[PDB]
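data.txt (compact mmCIF, C-alpha atoms and all ligand atoms)
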# COMPACT_ATOMS: atom_id res chain seq x y z
CA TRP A 19 -55.97 -33.99 72.03
CA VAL A 20 -58.35 -34.32 69.14
CA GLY A 21 -60.98 -35.73 71.53
CA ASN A 22 -61.54 -39.20 70.09
CA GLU A 23 -58.58 -40.83 71.81
CA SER A 24 -58.82 -43.91 74.06
CA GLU A 25 -57.22 -41.93 76.92
CA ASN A 26 -60.40 -39.85 77.42
CA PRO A 27 -60.74 -39.60 81.24
CA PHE A 28 -64.52 -39.50 81.01
CA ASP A 29 -64.35 -42.97 79.57
CA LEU A 30 -61.77 -44.12 82.14
CA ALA A 31 -63.30 -42.67 85.32
CA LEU A 32 -66.90 -43.40 84.38
CA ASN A 33 -68.34 -46.52 82.89
CA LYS A 34 -71.59 -46.76 80.95
CA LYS A 35 -73.74 -47.35 84.04
CA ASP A 36 -72.05 -44.38 85.79
CA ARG A 37 -72.79 -42.11 82.83
CA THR A 38 -76.43 -43.20 82.69
CA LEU A 39 -76.69 -42.44 86.44
CA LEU A 40 -75.22 -38.94 85.84
CA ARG A 41 -77.83 -38.21 83.22
CA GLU A 42 -80.82 -39.76 85.08
CA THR A 43 -79.96 -38.07 88.39
CA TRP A 44 -79.50 -34.68 86.71
CA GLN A 45 -82.84 -35.12 84.92
CA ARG A 46 -84.67 -35.98 88.20
CA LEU A 47 -83.95 -32.41 89.34
CA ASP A 48 -86.78 -29.92 89.17
CA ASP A 49 -85.50 -26.54 87.95
CA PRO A 50 -81.80 -27.35 87.60
CA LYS A 51 -81.10 -23.75 86.39
CA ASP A 52 -82.54 -22.41 89.65
CA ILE A 53 -80.26 -24.75 91.65
CA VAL A 54 -77.25 -23.68 89.58
CA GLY A 55 -78.22 -20.02 90.27
CA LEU A 56 -78.50 -20.66 94.08
CA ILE A 57 -75.10 -22.33 94.14
CA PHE A 58 -73.44 -19.49 92.20
CA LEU A 59 -75.07 -17.03 94.64
CA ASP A 60 -73.36 -18.95 97.49
CA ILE A 61 -70.05 -19.00 95.60
CA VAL A 62 -69.84 -15.25 95.02
CA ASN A 63 -71.40 -14.12 98.29
CA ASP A 64 -70.13 -16.62 100.83
CA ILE A 65 -67.19 -18.54 99.50
CA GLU A 66 -65.13 -16.59 96.99
CA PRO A 67 -66.23 -12.95 97.05
CA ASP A 68 -63.31 -11.92 94.76
CA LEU A 69 -65.61 -13.28 92.01
CA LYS A 70 -68.27 -10.63 92.56
CA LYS A 71 -66.25 -8.02 90.61
CA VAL A 72 -65.59 -10.48 87.79
CA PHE A 73 -69.29 -11.05 87.36
CA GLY A 74 -70.20 -7.40 87.80
CA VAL A 75 -72.13 -8.01 91.08
CA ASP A 76 -69.87 -6.25 93.52
CA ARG A 77 -72.79 -3.85 94.38
CA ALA A 78 -75.92 -5.79 93.59
CA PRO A 79 -77.70 -7.16 96.63
CA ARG A 80 -77.72 -10.96 96.60
CA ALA A 81 -81.40 -10.57 95.63
CA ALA A 82 -80.60 -8.62 92.38
CA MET A 83 -77.59 -10.61 91.19
CA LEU A 84 -79.45 -13.20 89.11
CA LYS A 85 -80.54 -10.34 86.79
CA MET A 86 -77.13 -8.84 86.23
CA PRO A 87 -75.84 -9.76 82.79
CA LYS A 88 -72.42 -11.32 83.37
CA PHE A 89 -73.63 -13.19 86.46
CA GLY A 90 -77.03 -14.42 85.21
CA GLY A 91 -75.22 -15.10 81.86
CA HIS A 92 -72.73 -17.33 83.56
CA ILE A 93 -75.42 -19.25 85.40
CA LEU A 94 -77.16 -19.89 82.05
CA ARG A 95 -73.85 -20.94 80.38
CA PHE A 96 -72.84 -23.26 83.23
CA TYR A 97 -76.30 -24.83 83.32
CA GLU A 98 -76.21 -25.38 79.49
CA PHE A 99 -72.69 -26.85 79.76
CA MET A 100 -73.84 -29.37 82.39
CA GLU A 101 -77.02 -30.16 80.43
CA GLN A 102 -75.04 -30.88 77.26
CA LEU A 103 -72.20 -32.69 79.00
CA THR A 104 -74.51 -35.05 80.97
CA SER A 105 -76.58 -35.71 77.80
CA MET A 106 -73.47 -36.48 75.74
CA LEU A 107 -72.09 -38.79 78.42
CA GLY A 108 -75.22 -40.52 79.55
CA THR A 109 -77.62 -40.47 76.62
CA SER A 110 -75.72 -40.40 73.36
CA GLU A 111 -72.41 -41.92 74.59
CA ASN A 112 -70.72 -39.19 72.63
CA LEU A 113 -67.61 -39.42 74.76
CA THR A 114 -65.52 -37.51 72.19
CA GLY A 115 -67.86 -34.53 72.18
CA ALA A 116 -68.02 -34.55 76.00
CA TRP A 117 -64.24 -34.40 76.36
CA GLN A 118 -63.93 -31.84 73.56
CA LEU A 119 -66.58 -29.61 75.25
CA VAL A 120 -64.72 -29.62 78.55
CA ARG A 121 -61.30 -28.87 77.06
CA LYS A 122 -62.71 -26.17 74.71
CA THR A 123 -64.39 -24.51 77.70
CA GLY A 124 -61.13 -24.66 79.68
CA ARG A 125 -59.21 -23.04 76.80
CA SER A 126 -61.84 -20.36 76.31
CA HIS A 127 -61.44 -19.11 79.87
CA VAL A 128 -57.93 -17.91 79.10
CA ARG A 129 -59.71 -14.86 77.57
CA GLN A 130 -60.93 -13.90 81.08
CA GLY A 131 -58.26 -11.52 82.32
CA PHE A 132 -58.99 -12.27 85.98
CA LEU A 133 -58.28 -15.93 85.35
CA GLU A 134 -55.31 -15.34 83.01
CA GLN A 135 -53.72 -13.32 85.81
CA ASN A 136 -54.87 -15.24 88.89
CA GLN A 137 -55.54 -18.87 88.01
CA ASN A 138 -52.77 -20.72 89.82
CA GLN A 139 -52.49 -24.41 90.79
CA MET A 140 -49.98 -23.46 93.58
CA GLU A 141 -52.45 -21.05 95.21
CA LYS A 142 -56.03 -20.77 93.89
CA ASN A 143 -57.53 -22.95 91.21
CA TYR A 144 -60.83 -21.15 90.48
CA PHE A 145 -62.30 -24.06 88.53
CA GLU A 146 -61.69 -26.19 91.56
CA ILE A 147 -63.12 -23.52 93.92
CA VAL A 148 -66.36 -23.30 91.89
CA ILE A 149 -66.84 -27.01 91.27
CA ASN A 150 -66.08 -27.85 94.90
CA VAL A 151 -69.12 -25.80 95.93
CA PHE A 152 -71.11 -27.86 93.47
CA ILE A 153 -69.72 -31.04 95.03
CA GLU A 154 -70.88 -29.86 98.47
CA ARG A 155 -74.24 -28.33 97.43
CA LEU A 156 -75.47 -30.01 94.22
CA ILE A 157 -74.88 -33.62 95.28
CA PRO A 158 -77.40 -33.56 98.16
CA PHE A 159 -80.10 -32.39 95.68
CA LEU A 160 -79.04 -35.19 93.28
CA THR A 161 -79.33 -37.83 96.00
CA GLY A 162 -82.67 -36.47 97.18
CA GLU A 163 -81.17 -35.87 100.64
CA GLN A 164 -82.05 -32.15 100.13
CA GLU A 165 -85.03 -30.43 98.37
CA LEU A 166 -85.76 -27.12 96.61
CA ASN A 182 -81.85 -48.62 92.03
CA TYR A 183 -79.20 -45.98 92.74
CA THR A 184 -77.93 -45.66 96.29
CA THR A 185 -76.86 -42.40 97.88
CA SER A 186 -73.30 -43.64 98.06
CA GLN A 187 -73.32 -44.57 94.37
CA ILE A 188 -74.70 -41.22 93.26
CA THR A 189 -72.26 -39.32 95.47
CA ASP A 190 -69.21 -41.29 94.25
CA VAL A 191 -70.17 -40.99 90.56
CA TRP A 192 -70.83 -37.25 90.75
CA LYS A 193 -67.54 -36.75 92.58
CA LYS A 194 -65.62 -38.67 89.87
CA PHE A 195 -67.41 -36.74 87.18
CA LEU A 196 -67.01 -33.27 88.69
CA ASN A 197 -63.35 -33.92 89.60
CA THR A 198 -62.69 -34.94 86.01
CA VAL A 199 -64.34 -31.70 84.83
CA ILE A 200 -61.98 -29.78 87.15
CA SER A 201 -58.87 -31.62 85.97
CA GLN A 202 -59.65 -31.23 82.24
CA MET A 203 -60.61 -27.58 82.48
CA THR A 204 -57.54 -26.93 84.56
CA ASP A 205 -55.19 -28.72 82.16
CA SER A 206 -56.65 -27.25 79.01
CA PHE A 207 -56.60 -23.75 80.50
CA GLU A 208 -53.00 -24.11 81.69
CA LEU A 209 -51.76 -25.26 78.28
CA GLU A 210 -53.62 -22.57 76.38
CA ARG A 211 -52.27 -19.88 78.67
CA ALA A 212 -48.70 -21.23 78.32
CA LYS A 213 -48.99 -21.20 74.52
CA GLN A 214 -50.37 -17.66 74.39
CA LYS A 215 -47.46 -16.88 76.76
CA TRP B 19 -50.55 -29.82 90.06
CA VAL B 20 -48.81 -30.37 93.34
CA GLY B 21 -49.88 -34.04 93.24
CA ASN B 22 -52.02 -34.30 96.35
CA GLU B 23 -55.20 -32.96 94.77
CA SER B 24 -58.54 -34.81 94.74
CA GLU B 25 -58.58 -34.64 90.91
CA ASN B 26 -55.78 -37.25 90.65
CA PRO B 27 -56.89 -39.49 87.72
CA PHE B 28 -55.24 -42.52 89.27
CA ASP B 29 -57.68 -42.17 92.12
CA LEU B 30 -60.62 -41.52 89.77
CA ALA B 31 -60.01 -44.23 87.16
CA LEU B 32 -58.87 -46.89 89.61
CA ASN B 33 -60.36 -47.80 92.92
CA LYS B 34 -58.57 -49.56 95.77
CA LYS B 35 -59.40 -53.07 94.51
CA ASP B 36 -58.22 -52.10 91.00
CA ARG B 37 -54.91 -50.82 92.36
CA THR B 38 -54.35 -53.98 94.41
CA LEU B 39 -55.03 -56.03 91.24
CA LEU B 40 -52.43 -53.94 89.33
CA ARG B 41 -49.81 -54.65 91.94
CA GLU B 42 -50.65 -58.37 92.45
CA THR B 43 -50.83 -59.11 88.71
CA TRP B 44 -47.52 -57.32 88.06
CA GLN B 45 -45.91 -59.27 90.92
CA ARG B 46 -47.16 -62.64 89.55
CA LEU B 47 -44.87 -62.07 86.55
CA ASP B 48 -41.61 -63.97 86.45
CA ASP B 49 -38.81 -61.74 85.15
CA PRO B 50 -40.81 -58.58 84.43
CA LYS B 51 -37.60 -56.80 83.23
CA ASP B 52 -37.14 -59.49 80.57
CA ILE B 53 -40.75 -58.99 79.41
CA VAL B 54 -40.24 -55.22 79.29
CA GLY B 55 -37.04 -55.82 77.23
CA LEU B 56 -38.91 -58.13 74.75
CA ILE B 57 -41.67 -55.57 74.29
CA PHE B 58 -39.19 -52.72 73.67
CA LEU B 59 -37.42 -54.98 71.14
CA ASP B 60 -40.77 -55.32 69.31
CA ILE B 61 -41.39 -51.56 69.53
CA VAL B 62 -38.09 -50.51 67.94
CA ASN B 63 -37.77 -53.34 65.44
CA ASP B 64 -41.33 -53.99 64.31
CA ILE B 65 -43.59 -51.12 65.22
CA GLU B 66 -41.80 -47.78 65.35
CA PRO B 67 -38.33 -48.16 63.83
CA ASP B 68 -37.75 -44.36 63.95
CA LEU B 69 -36.95 -45.08 67.63
CA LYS B 70 -33.90 -47.19 66.83
CA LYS B 71 -31.76 -44.08 66.21
CA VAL B 72 -33.01 -42.43 69.40
CA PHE B 73 -31.89 -45.41 71.43
CA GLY B 74 -28.64 -45.84 69.53
CA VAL B 75 -29.64 -49.26 68.06
CA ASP B 76 -29.96 -48.35 64.42
CA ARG B 77 -27.13 -50.87 63.62
CA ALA B 78 -27.24 -53.39 66.42
CA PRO B 79 -28.85 -56.69 65.48
CA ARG B 80 -32.03 -57.28 67.48
CA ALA B 81 -29.90 -59.81 69.42
CA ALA B 82 -27.35 -57.14 70.59
CA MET B 83 -29.74 -54.31 71.40
CA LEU B 84 -30.40 -55.19 75.04
CA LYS B 85 -26.70 -54.46 75.74
CA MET B 86 -26.56 -51.06 74.10
CA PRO B 87 -26.52 -48.33 76.73
CA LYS B 88 -29.39 -46.01 75.80
CA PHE B 89 -31.66 -48.92 74.86
CA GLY B 90 -30.89 -51.32 77.74
CA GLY B 91 -30.90 -48.16 79.98
CA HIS B 92 -34.39 -47.30 78.90
CA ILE B 93 -35.64 -50.81 79.50
CA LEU B 94 -34.24 -50.63 83.06
CA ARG B 95 -35.79 -47.15 83.64
CA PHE B 96 -39.20 -48.14 82.28
CA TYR B 97 -39.21 -51.34 84.33
CA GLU B 98 -38.26 -49.36 87.52
CA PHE B 99 -40.96 -46.77 86.75
CA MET B 100 -43.63 -49.49 86.47
CA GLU B 101 -42.31 -51.27 89.58
CA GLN B 102 -42.49 -48.07 91.64
CA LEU B 103 -45.77 -46.87 90.17
CA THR B 104 -47.60 -50.21 90.76
CA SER B 105 -46.15 -50.40 94.31
CA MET B 106 -47.23 -46.83 95.12
CA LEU B 107 -50.73 -47.43 93.75
CA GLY B 108 -51.39 -50.91 94.97
CA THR B 109 -49.30 -51.39 98.09
CA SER B 110 -48.75 -48.10 99.83
CA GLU B 111 -51.78 -46.19 98.43
CA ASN B 112 -49.41 -43.32 97.88
CA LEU B 113 -51.61 -41.86 95.19
CA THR B 114 -49.85 -38.47 95.37
CA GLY B 115 -46.43 -39.96 94.72
CA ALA B 116 -47.83 -42.09 91.86
CA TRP B 117 -49.31 -39.08 90.07
CA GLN B 118 -46.23 -36.97 90.78
CA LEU B 119 -43.95 -39.72 89.33
CA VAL B 120 -45.93 -39.87 86.10
CA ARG B 121 -46.07 -36.11 85.56
CA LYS B 122 -42.37 -35.66 86.48
CA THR B 123 -41.45 -38.36 83.97
CA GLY B 124 -43.60 -36.68 81.30
CA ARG B 125 -41.90 -33.31 81.94
CA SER B 126 -38.43 -34.86 81.91
CA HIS B 127 -38.88 -36.18 78.38
CA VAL B 128 -38.95 -32.64 77.02
CA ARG B 129 -35.12 -32.87 77.28
CA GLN B 130 -35.16 -35.56 74.55
CA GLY B 131 -34.67 -33.60 71.36
CA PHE B 132 -36.40 -36.23 69.22
CA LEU B 133 -39.52 -35.88 71.34
CA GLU B 134 -39.29 -32.08 71.70
CA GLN B 135 -39.27 -31.87 67.91
CA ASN B 136 -41.60 -34.75 66.98
CA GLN B 137 -44.06 -35.41 69.80
CA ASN B 138 -47.37 -34.32 68.32
CA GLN B 139 -50.95 -35.16 69.39
CA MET B 140 -52.17 -34.35 65.81
CA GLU B 141 -49.81 -36.90 64.24
CA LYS B 142 -47.68 -39.18 66.46
CA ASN B 143 -47.92 -39.38 70.21
CA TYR B 144 -44.84 -41.50 71.08
CA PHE B 145 -45.98 -42.17 74.65
CA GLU B 146 -49.15 -43.57 73.21
CA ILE B 147 -47.25 -45.58 70.55
CA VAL B 148 -45.03 -47.21 73.21
CA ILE B 149 -47.72 -47.87 75.80
CA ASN B 150 -50.10 -49.24 73.17
CA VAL B 151 -47.58 -52.01 72.45
CA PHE B 152 -47.61 -52.73 76.17
CA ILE B 153 -51.41 -52.87 76.10
CA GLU B 154 -51.27 -55.45 73.29
CA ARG B 155 -48.28 -57.49 74.56
CA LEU B 156 -48.00 -57.12 78.36
CA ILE B 157 -51.66 -57.73 79.20
CA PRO B 158 -51.72 -61.33 77.92
CA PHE B 159 -48.75 -62.13 80.23
CA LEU B 160 -50.61 -60.43 83.12
CA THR B 161 -53.74 -62.50 82.52
CA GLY B 162 -51.74 -65.71 82.17
CA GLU B 163 -53.13 -66.15 78.64
CA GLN B 164 -49.47 -66.05 77.42
CA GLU B 165 -46.20 -67.37 79.00
CA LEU B 166 -42.47 -66.55 78.92
CA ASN B 182 -60.32 -64.23 92.12
CA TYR B 183 -59.40 -61.96 89.20
CA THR B 184 -60.97 -62.69 85.84
CA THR B 185 -59.25 -62.12 82.52
CA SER B 186 -61.75 -59.40 81.68
CA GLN B 187 -61.12 -57.65 85.00
CA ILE B 188 -57.35 -57.71 84.63
CA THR B 189 -57.55 -56.52 81.02
CA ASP B 190 -59.93 -53.62 81.83
CA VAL B 191 -57.90 -52.47 84.86
CA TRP B 192 -54.58 -52.54 83.03
CA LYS B 193 -56.13 -50.65 80.11
CA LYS B 194 -57.47 -47.92 82.46
CA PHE B 195 -54.14 -47.74 84.20
CA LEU B 196 -51.95 -47.65 81.09
CA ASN B 197 -54.26 -45.14 79.35
CA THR B 198 -54.01 -42.88 82.38
CA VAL B 199 -50.21 -43.15 82.22
CA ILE B 200 -50.39 -42.07 78.56
CA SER B 201 -52.70 -39.14 79.24
CA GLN B 202 -50.66 -37.78 82.19
CA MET B 203 -47.31 -38.15 80.47
CA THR B 204 -48.74 -36.55 77.38
CA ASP B 205 -50.25 -33.61 79.26
CA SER B 206 -47.26 -32.97 81.46
CA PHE B 207 -44.90 -33.16 78.49
CA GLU B 208 -47.05 -30.81 76.40
CA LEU B 209 -47.22 -28.18 79.14
CA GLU B 210 -43.52 -28.33 79.90
CA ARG B 211 -42.65 -27.97 76.24
CA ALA B 212 -45.05 -25.00 75.86
CA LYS B 213 -43.46 -23.26 78.86
CA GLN B 214 -39.90 -23.80 77.65
CA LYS B 215 -41.28 -22.46 74.32
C1 LIG C 1 -65.75 -23.98 87.22
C2 LIG C 1 -66.15 -24.42 86.06
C3 LIG C 1 -66.70 -23.42 85.01
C4 LIG C 1 -67.47 -23.75 84.01
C5 LIG C 1 -67.99 -25.16 83.68
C6 LIG C 1 -67.74 -22.56 83.23
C7 LIG C 1 -68.51 -22.52 82.10
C8 LIG C 1 -68.52 -21.42 81.28
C9 LIG C 1 -69.10 -21.45 79.96
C10 LIG C 1 -69.80 -22.71 79.38
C11 LIG C 1 -68.94 -20.24 79.39
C12 LIG C 1 -69.39 -19.77 77.97
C13 LIG C 1 -68.69 -20.58 76.87
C14 LIG C 1 -67.25 -20.35 76.99
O1 LIG C 1 -66.84 -19.16 77.10
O2 LIG C 1 -66.54 -21.39 77.03
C15 LIG C 1 -68.24 -19.42 80.36
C16 LIG C 1 -67.89 -18.13 80.17
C17 LIG C 1 -67.37 -17.35 81.18
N1 LIG C 1 -66.77 -17.78 82.33
FE1 LIG C 1 -66.97 -19.62 83.09
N2 LIG C 1 -67.10 -21.47 83.81
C18 LIG C 1 -66.46 -22.00 84.92
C19 LIG C 1 -65.70 -21.30 85.80
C20 LIG C 1 -65.45 -19.98 85.71
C21 LIG C 1 -64.69 -19.20 86.65
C22 LIG C 1 -63.97 -19.79 87.89
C23 LIG C 1 -64.68 -17.95 86.24
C24 LIG C 1 -63.97 -16.79 86.97
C25 LIG C 1 -63.61 -15.75 86.24
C26 LIG C 1 -65.48 -17.86 85.04
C27 LIG C 1 -65.74 -16.73 84.29
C28 LIG C 1 -66.38 -16.68 83.11
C29 LIG C 1 -66.77 -15.48 82.43
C30 LIG C 1 -66.57 -14.01 82.89
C31 LIG C 1 -67.42 -15.91 81.16
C32 LIG C 1 -68.05 -15.01 80.08
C33 LIG C 1 -69.57 -15.06 80.31
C34 LIG C 1 -70.06 -14.38 81.58
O3 LIG C 1 -69.38 -13.50 82.15
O4 LIG C 1 -71.17 -14.73 82.01
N3 LIG C 1 -65.92 -19.11 84.74
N4 LIG C 1 -68.00 -20.16 81.52
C1 LIG C 2 -44.07 -44.37 76.91
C2 LIG C 2 -43.85 -44.17 78.18
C3 LIG C 2 -42.40 -43.94 78.68
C4 LIG C 2 -42.00 -44.12 79.90
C5 LIG C 2 -42.86 -44.60 81.09
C6 LIG C 2 -40.59 -43.75 79.98
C7 LIG C 2 -39.84 -43.81 81.12
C8 LIG C 2 -38.60 -43.21 81.18
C9 LIG C 2 -37.90 -43.02 82.43
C10 LIG C 2 -38.47 -43.50 83.79
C11 LIG C 2 -36.74 -42.41 82.18
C12 LIG C 2 -35.62 -41.96 83.18
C13 LIG C 2 -36.16 -40.94 84.19
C14 LIG C 2 -36.58 -39.76 83.43
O1 LIG C 2 -35.78 -39.28 82.58
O2 LIG C 2 -37.74 -39.34 83.67
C15 LIG C 2 -36.68 -42.19 80.74
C16 LIG C 2 -35.66 -41.60 80.08
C17 LIG C 2 -35.59 -41.56 78.71
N1 LIG C 2 -36.63 -41.73 77.82
FE1 LIG C 2 -38.37 -42.58 78.27
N2 LIG C 2 -40.15 -43.35 78.73
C18 LIG C 2 -41.27 -43.47 77.91
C19 LIG C 2 -41.31 -43.18 76.59
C20 LIG C 2 -40.26 -42.72 75.88
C21 LIG C 2 -40.26 -42.44 74.46
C22 LIG C 2 -41.50 -42.57 73.55
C23 LIG C 2 -39.05 -42.03 74.13
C24 LIG C 2 -38.63 -41.63 72.69
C25 LIG C 2 -37.63 -40.78 72.57
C26 LIG C 2 -38.21 -42.07 75.30
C27 LIG C 2 -36.88 -41.72 75.38
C28 LIG C 2 -36.14 -41.63 76.51
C29 LIG C 2 -34.73 -41.42 76.54
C30 LIG C 2 -33.75 -41.26 75.36
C31 LIG C 2 -34.36 -41.37 77.99
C32 LIG C 2 -32.95 -41.20 78.59
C33 LIG C 2 -32.48 -42.60 79.02
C34 LIG C 2 -32.20 -43.57 77.87
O3 LIG C 2 -31.94 -43.16 76.72
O4 LIG C 2 -32.22 -44.78 78.14
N3 LIG C 2 -38.98 -42.48 76.35
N4 LIG C 2 -37.84 -42.70 80.15

Using structure tokens, write down the structure that the file contains.
Amino acid sequence: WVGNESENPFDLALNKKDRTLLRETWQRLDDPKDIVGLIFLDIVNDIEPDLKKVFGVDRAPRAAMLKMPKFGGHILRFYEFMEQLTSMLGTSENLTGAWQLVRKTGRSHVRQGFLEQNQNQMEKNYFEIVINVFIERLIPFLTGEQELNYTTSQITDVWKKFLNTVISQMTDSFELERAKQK
Amino acid sequence: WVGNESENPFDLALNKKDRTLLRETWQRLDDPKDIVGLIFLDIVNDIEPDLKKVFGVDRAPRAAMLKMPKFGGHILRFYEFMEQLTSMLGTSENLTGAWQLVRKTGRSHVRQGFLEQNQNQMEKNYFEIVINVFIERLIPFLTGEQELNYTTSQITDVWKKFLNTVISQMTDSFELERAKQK
């Protein structure tokens, strides 16, 4: 895909009002990078501890991990990716750039040897594992149900459609890029 | 993808009411196979004549094509695919089987040498070329605007989301299967 096609799932799964909600709800958050950090700490410590080694935090106490370079780097990168993606979708309506960003990010992960070897739709999809923790943990902050016009049901459904579309496009772009590289 | 995942784009782009509309509007049609036939006749004769050779109708007058085996066979297969897909989506809510059907069909086309050689997202996407003629020609039958509760705008938007999702999933499944086969 070039990115400008009419089949863009971010245009199909989300309408204009949905995209505005994604941006406005994300912006309502105070310290979104801190929330992203807390969720990644849960991912590597509680949910998928195989990821500690990947991020170089297999020895760091939970309390030191945010300072370790690969781990704190990833938190920054993931936060920036969500910042840009929600802005493109919900502010500029740059639907092409939003789709292109997600597929480029999916393809780029093929360089991660852990994922090249272990990413597997039959067994573990690590993009799904990570984003599912966001679905469970980020959405209650976004609805205001948890702390650190739109109804709770609306915000929940929109963020689920959005985050599931991020999973599917990163998964598909990764899988294709890996197949091509062989 | 197994098919049962939460990232299924037919569940994300279409809600239950949308899927019911897809099924009810398709069922309102009198002789849907005839309409499918007429649209394929336009595709091969007027829009993408490179396809005449593929379907063995490079000599048949337009008036004989429906009887030629590869061409009339394809019309039957495409009609059955839409019949099953709209039933799965809109009647049984078998969203897994709907997604699986579309990806299996995408993968199966890699066996078509014309597509293996020529299918190309940079240049011509033949699934997109075919389905776009359906978007232009089938939707006015579905809305009742042309001849052979839901508003015209609703029916048009739902069928566009649906048919665009069929294009994207056939395209992606095809591309992956071709890359794997090499
Ligand atoms: C789940 C959705 C994910 C998103 C949105 C995401 C986002 C990003 C971004 C934006 C970058 C830098 C730009 C780029 O390389 O494309 C990056 C790099 C990286 N990603 Fe991810 N990532 C995700 C999941 C994962 C997973 C499951 C792994 C497991 C290995 C992973 C490992 C890495 C690593 C090691 C880097 C290099 C930078 C670093 O180590 O901090 N990512 N990721
Ligand atoms: C655009 C969406 C399309 C749909 C939904 C579709 C559907 C189907 C189905 C359901 C079958 C039989 C089952 C299977 O093999 O999976 C089939 C076979 C086939 N498809 Fe397609 N098709 C599409 C596009 C195309 C295109 C663009 C070509 C161009 C080569 C093509 C060429 C063929 C051929 C040659 C067969 C074998 C049967 C025959 O020749 O009649 N199809 N297609």

Check your understanding: Once you count only C-alpha atoms and all ligand atoms, which residues end up within 9 Å of ligand LIG 2 (chain C), and could you hand them over as a PyMOL selection string?
Key -> chain B and resi 69+72-74+87-100+119-120+122-127+129-134+137+143-150+199-200+203

Padding of 3 Å on every side, edges along x, y and z, all listed atoms of ligand LIG 1 (chain C) included: what centre and edge lengths in Å, to one decimal, does that box have, as AutoDock Vina command-line options?
--center_x -67.4 --center_y -19.3 --center_z 82.4 --size_x 13.6 --size_y 17.7 --size_z 17.0

- Task: Write out as a ChimeraX atom specification which residues come within 12 Å of residue B:80 when counting all atoms listed in the file, dropping same-chain ones fewer than 6 positions away.
- Result: /B:55-64,67,70,86,89-90

Which residues of chain B come within 8 Å of chain A, and what is each one's closest atom pair and distance in Å (one decimal), counting all atoms listed in the file, sorted by chain and residue number, as CSV?
residue,atom,partner,partner_atom,distance
B:19,CA,A:139,CA,5.8
B:20,CA,A:140,CA,7.0
B:24,CA,A:197,CA,7.1
B:25,CA,A:197,CA,5.0
B:26,CA,A:201,CA,7.9
B:27,CA,A:27,CA,7.5
B:30,CA,A:31,CA,5.3
B:31,CA,A:31,CA,4.1
B:32,CA,A:31,CA,7.5
B:139,CA,A:19,CA,5.8
B:140,CA,A:20,CA,7.0
B:194,CA,A:30,CA,5.7
B:197,CA,A:25,CA,5.0
B:198,CA,A:25,CA,6.4
B:200,CA,A:25,CA,7.0
B:201,CA,A:25,CA,5.8
B:205,CA,A:205,CA,7.5
B:208,CA,A:209,CA,7.5
B:209,CA,A:209,CA,5.5
B:212,CA,A:213,CA,5.6
B:213,CA,A:212,CA,5.6
B:215,CA,A:213,CA,7.8

Write out the residues from the selection above, keeping C-alpha atoms, as a tab-separated table (two decimals), keeping the file's coordinate frame.
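Okay, part.tsv is ready:
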chain	number	residue	atom	x	y	z
B	19	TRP	CA	-50.55	-29.82	90.06
B	20	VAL	CA	-48.81	-30.37	93.34
B	24	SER	CA	-58.54	-34.81	94.74
B	25	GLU	CA	-58.58	-34.64	90.91
B	26	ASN	CA	-55.78	-37.25	90.65
B	27	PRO	CA	-56.89	-39.49	87.72
B	30	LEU	CA	-60.62	-41.52	89.77
B	31	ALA	CA	-60.01	-44.23	87.16
B	32	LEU	CA	-58.87	-46.89	89.61
B	139	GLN	CA	-50.95	-35.16	69.39
B	140	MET	CA	-52.17	-34.35	65.81
B	194	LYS	CA	-57.47	-47.92	82.46
B	197	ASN	CA	-54.26	-45.14	79.35
B	198	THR	CA	-54.01	-42.88	82.38
B	200	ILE	CA	-50.39	-42.07	78.56
B	201	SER	CA	-52.70	-39.14	79.24
B	205	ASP	CA	-50.25	-33.61	79.26
B	208	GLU	CA	-47.05	-30.81	76.40
B	209	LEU	CA	-47.22	-28.18	79.14
B	212	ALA	CA	-45.05	-25.00	75.86
B	213	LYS	CA	-43.46	-23.26	78.86
B	215	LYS	CA	-41.28	-22.46	74.32

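Using all atoms listed in the file, the smallest distance between any of A:159, A:183, A:44, A:152 and ligand LIG 1 (chain C) comes from A:152.
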
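The spacing separating atom CA of residue A:118 from atom CA of residue A:50 amounts to 23.2 Å.
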
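The residue set within 10 Å of residue B:45, counting only C-alpha atoms and dropping same-chain residues fewer than 4 places from it, reads residues 39, 40, 41, 49, 50, 101, 104, 105 and 160 of chain B.
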
- Task: Counting all atoms listed in the file, write as a PyMOL selection string all protein and nucleic acid residues lying at most 10 Å from (-53.3, -58.2, 79.5) in the file's frame.
- Result: chain B and resi 43+152-164+185-193

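Proximity ranking of A:76, A:34, A:71, A:111 relative to ligand LIG 1 (chain C) places A:71 first, based on only C-alpha atoms and all ligand atoms.
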
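Atom pair atom CA of residue B:66 / atom CA of residue B:82 has a distance of 18.0 Å (rounded to one decimal).
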